[PDB]
Amino acid sequence: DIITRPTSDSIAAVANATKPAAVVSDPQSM
Amino acid sequence: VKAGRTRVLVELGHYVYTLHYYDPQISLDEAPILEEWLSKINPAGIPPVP
Amino acid sequence: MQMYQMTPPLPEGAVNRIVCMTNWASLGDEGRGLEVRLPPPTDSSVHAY
């Protein structure tokens, strides 16, 4: 097995607060 | 880029890379692989390069 | 009139690579409860980083 542990809550919060959508829907995309 | 009109260089120091093997006798366009790869890139992190 | 055939030592495939799999040839005790085994490059080894 391998080891992995969660980060601090504050770090997770700020990171999640900045996640723009990768794919959007606009009528002008070539 | 998909049209023969633009070329792009991406500055990555190091990265995790994955790869696929294809039969030489099967015509294909590999655009969807890159497209879905782009579909998972966010300021938090990126998936492995295909 | 008897026949023998050893199994080959080296891998025999279209493409052969080298991967990191600790203790893959271990034989003694169970050893430390710690392991590192990456998949071949055809898969995603993100979970290890």
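Residues numbered from 1 in each chain as written, not as in the entry; some residues may be left out. Chains lettered and ligands numbered in written order. Part of a larger assembly, values for the part shown. Heavy atoms only, no water.

Enquirer: Please clarify how the overall build of chain B should be interpreted in this entry.
Expert: Scanning chain B from terminus to terminus reveals 1 helix and 0 strands. Overall size of chain B, expressed as C-alpha extent along the three principal axes, is 40 × 25 × 20 Å. Total accessible area computed for chain B in this model is approximately 4,700 Å², and 57% of it derives from carbon and sulfur atoms. Charge centroids of chain B, computed over 4 positive and 6 negative side chains, lie 9 Å from each other. (Helix = DSSP H or I, 4+ residues; strand = E, 2+ residues; numbered from the N terminus. Areas by Shrake-Rupley, 256 points an atom, 1.4 Å probe, with all protein chains shown as cover. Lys, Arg positive; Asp, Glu negative; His and termini not counted. Charge placed at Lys NZ, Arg CZ, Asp CG, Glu CD.)

Enquirer: When you look at unusual backbone geometry in this model, what are you seeing that I'm missing?
Expert: The bulk of non-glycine residues show a negative phi, and the bulk of peptide bonds are trans. Its identity as a non-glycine residue notwithstanding, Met30 of chain A has a phi of 60 degrees, on the positive side. Assignment of secondary structure puts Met30 of chain A in the segment after helix 1 (9-16). With a phi angle near 55 degrees, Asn23 of chain C is a residue other than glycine that sits in the positive phi range.

Enquirer: Would you take a moment to explain the interface of chain C and chain B for this structure?
Expert: In many reports, interface size means the accessible area that the parts give up when they come together. The partner chain B presents 6 residues to the 9 residues of chain C that form the contact. Surface buried jointly by chain C and chain B totals about 590 Å² across both partners, of which 64% is contributed by carbon and sulfur atoms. The tally of links from chain C across to chain B stands at 0 salt bridges. Applying the counting criterion to the chain C and chain B interface returns 3 residue pairs in polar contact. The residue makeup of the side of chain C that touches chain B, split by class, is 4 nonpolar, 3 polar and 2 charged. (Contact = heavy atoms within 4.5 Å. Buried area = accessible area lost by both parts, 1.4 Å probe. Salt bridge = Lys/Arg side-chain N within 4 Å of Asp/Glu carboxyl O. Polar contact = N/O pair within 3.5 Å; in protein donor to acceptor, adjacent residues only side chain to side chain. Nonpolar A, V, L, I, M, F, W, Y, C, P; charged D, E, K, R; others polar.)

Enquirer: Whenever I open this one, the environment of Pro24 of chain B confuses me. Can you help?
Expert: Residues and elements named next belong to chain B. Position of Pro24 among the secondary structure elements: in the segment before helix 1 (31-38). By relative accessible area, which is 69% here, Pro24 ends up exposed. The spacing of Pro24 and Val49 is 25 residues in sequence and 21 Å in space, taken between C-alpha atoms. (Buried < 20%, exposed > 50% of the residue type's maximum accessible area, 1.4 Å probe, protein only.)

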